[PDB]
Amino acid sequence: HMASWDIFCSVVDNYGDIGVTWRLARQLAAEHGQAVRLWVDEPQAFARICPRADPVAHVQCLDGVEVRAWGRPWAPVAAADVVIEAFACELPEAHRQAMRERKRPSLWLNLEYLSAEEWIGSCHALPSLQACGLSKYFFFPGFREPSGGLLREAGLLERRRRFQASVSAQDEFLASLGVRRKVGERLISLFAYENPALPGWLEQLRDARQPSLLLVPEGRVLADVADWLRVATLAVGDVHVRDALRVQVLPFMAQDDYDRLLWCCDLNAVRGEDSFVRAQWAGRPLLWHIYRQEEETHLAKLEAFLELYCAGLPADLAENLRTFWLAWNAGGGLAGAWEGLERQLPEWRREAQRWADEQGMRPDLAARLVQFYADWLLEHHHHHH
């Protein structure tokens, strides 16, 4: 059996929305043998998370996914069995006509942003009748049931465990990036936005008794790192030493290589949606920088995740983790919040592995999506399940 899938992605900003839809598109084609067309309105954003891509090509097949440019004006084509509107990006007019014209009209899904709030359970899989007659279904990724789950490839944790149990595989990957760990040096990856709390944290890493290696992929936070280092230029391959802190700049690497980087580090500073979850699959301590929103509505998503993630932690670790995460997202941290958290990183690592294993036994999002279409198809013909 093979169904066809349309996935529409409007790169509003950054690389998370194309990062998530690309990850889903690959999984649908590789693990489920589905026919997948991914529509992106900005090919240059997709080309940086998938270096094999050609930005000027109007159509190309990568990892079994037909990646097509979302054109203006929109070239009319036939609609697939399932049309995934990612993050309410609005489908083309003529494509909704093509969805409605089919003998079996397309299943219309709206892929929502991931949230840990409890209320998304009451809205997951909710149908909404549109004016044209078709219904749209809201799909909420989640950390608890009911929800749409989390993106996770098949055998992901099995590969991660073998990678982290092999000193040679970790050193071999870091050597490809030009990274050489020192004995006793803690490894921290930095992926965030502009953050006024960064200099306060880099000062504590500098003055610490134990040394740290700060690996910074090229991106937004690099100007802040360069400002703290009192340097004008910060290029890929540069290394600067500030007492106990080694800062090394990494390239913006392929998505799967970013996973291996997350797997090497003892603490991963991540952000947004995809890298926030990928750091959890790494089974390592992490730091989440969520971008500020209207008023302060990003505070709700942060506290919702903190309540769930800290539920299994010891009181001391949970309290220090909370205060640090809030300060890291407050645009102005706390001068001593790192000392209390650094001393508990070995125990935090153990709890992060338990968190990954327990989340890893929930069915993945791509499987629930494929199962949603199966139950929806059988129901459409009033058949049993």
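One rule holds for the numbers: they count along the sequence shown, beginning at 1.
Peer 1: At a threshold of one third of the other compared entries, does residue 20 come out as unmodelled?
Peer 2: No, modelled in all of them.
Peer 1: For residue 297, does the count of other compared entries lacking it reach at least a third?
Peer 2: Yes, residue 297 lacks coordinates in at least a third of the other entries compared.
Peer 1: Out of 306 to 314 and 273 to 281, which stretch has the higher average CA B-factor listed in the record?
Peer 2: Averaged over C-alpha atoms, the B-factors run higher in 306 to 314.
Peer 1: Should the higher mean CA B-factor in the entry be assigned to 137 to 145 or to 94 to 102?
Peer 2: Looking at the recorded C-alpha B-factors, 94 to 102 comes out higher on average.
Peer 1: Out of 112, 294, 256, 153, which residue has the highest Cα temperature factor in the PDB record?
Peer 2: Out of 112, 294, 256, 153, the record gives the largest C-alpha B-factor to 294.
Peer 1: Select one of 36, 56, 356, 321: the residue whose C-alpha shows the highest B-factor in the crystal structure entry.
Peer 2: That would be 56.
Peer 1: Could you say whether, by C-alpha temperature factor, residue 233 belongs to the lowest, middle or highest third of its chain?
Peer 2: Its C-alpha B-factor, which the entry lists for residue 233, ranks in the highest third among residues of this chain.
Peer 1: Taking the chain's C-alpha temperature factors as the reference, tell me which third residue 375 falls into: lowest, middle or highest.
Peer 2: Its C-alpha B-factor belongs to the lowest third of this chain's values.
Peer 1: According to the PDB entry, is the CA B factor of residue 301 in the bottom, middle or top third of its chain, that is, lowest, middle or highest?
Peer 2: Answer is highest: the recorded C-alpha B-factor places it there.
Peer 1: When the modelled residues of the chain are sorted by Cα temperature factor, does residue 49 land in the lowest, middle or highest third?
Peer 2: Its C-alpha B-factor belongs to the highest third of this chain's values.
Peer 1: Sorting by Cα B-factor within the chain, modelled residues only, which third would residue 248 end up in: lowest, middle or highest?
Peer 2: Answer is middle: the recorded C-alpha B-factor places it there.
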